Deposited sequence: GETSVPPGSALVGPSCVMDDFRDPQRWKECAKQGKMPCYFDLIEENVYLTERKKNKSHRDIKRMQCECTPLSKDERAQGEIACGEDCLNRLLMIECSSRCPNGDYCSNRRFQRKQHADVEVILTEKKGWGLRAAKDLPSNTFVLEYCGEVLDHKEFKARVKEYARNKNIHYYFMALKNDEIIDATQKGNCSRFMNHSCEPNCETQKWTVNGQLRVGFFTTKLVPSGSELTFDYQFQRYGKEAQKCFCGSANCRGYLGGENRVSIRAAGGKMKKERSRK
């Protein structure tokens, strides 16, 4: 099918044009941070020498205490500019494209090879309390929407990327996936991002195991094509 790049989403009227020809997904409002309907210490890594920075060595890598608790550092981190643990904030996203699938709608694929436990994208959207969430479920059912964009963030917080979000919203489900969600604390506030669970060759679709609690017996069928396909979306 047709494909497109994350920069294509920055030109609104051209996008809408590409959408008229079916060369891009339908329009949504692009945002770079979660938006709320309901109004809401440093680590101990030793500073790296300028020599160690030049050698290729990692600042706040795997032993960093902020990182081990999936907390990103701030500006006041000991390693300052060198800190590798500010990925959400610096928007250090993987190189991925938005493509048209056979039966799932649009999707995400890797433009380059991507290592294991590599950051893909933040799942951004409108954060909802339980009440707003239920309002929208019903509103969406009554508009006969086909695609749904809900992601559980925490107790009484669900991200809805139906109207406002970013390209994370195109990652499809798979019963045998190559990414997972991770919840990270940034400035005392929780966020969700997608991360590879294995190596993902260039061209391959990126998928995760969506486990949002299924309500009815009734569900969306799964066209993931795996050997182990559970048949439907949801947990």
What residue ranges of the deposited sequence are absent from the coordinates? 1-12, 53-63, 259-278
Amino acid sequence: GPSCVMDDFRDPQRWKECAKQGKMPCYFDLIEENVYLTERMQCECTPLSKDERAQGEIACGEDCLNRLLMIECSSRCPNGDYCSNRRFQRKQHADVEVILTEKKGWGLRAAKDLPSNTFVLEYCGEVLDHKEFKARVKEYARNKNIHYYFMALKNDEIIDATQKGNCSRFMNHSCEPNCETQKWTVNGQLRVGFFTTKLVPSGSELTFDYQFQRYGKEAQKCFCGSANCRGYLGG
From here on, numbers count along this sequence of modelled residues.
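Heads up, when I say rigid core I mean the largest set of C-alphas that superpose within 1.5 Å between the two forms.
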Should one compare 133-141 and 86-94 by root mean square Cα distance from the shown form in 9 other deposited structures of this protein, core superposed, the larger belongs to 133-141
Out of 25-33 and 205-213, which one drifts farther from the shown form in 9 other deposited structures of this protein in terms of CA positions, with the fit done on the rigid core? 205-213
Would you tell me which stretch averages the higher CA B-factor in the PDB entry, 188-196 or 51-59? 51-59
Where do the C-alpha atoms have the higher mean temperature factor in this entry, in 86-94 or in 111-119? 111-119
Among 173, 169, 183, 40 - the residue whose C-alpha B-factor is largest in the record: 40
Lowest, middle or highest third: where is residue 144 by C-alpha B factor in its chain? highest
Which third of the chain holds residue 156 when residues are ordered by C-alpha B factor: lowest, middle or highest? highest
Pull the Cα B-factor of residue 45 out of the PDB entry and bin it into the chain's lowest, middle or highest third. highest
Using the B-factor values recorded in the entry, state whether the Cα atom of residue 225 falls in the lowest, middle or highest third among the modelled residues of its chain. middle
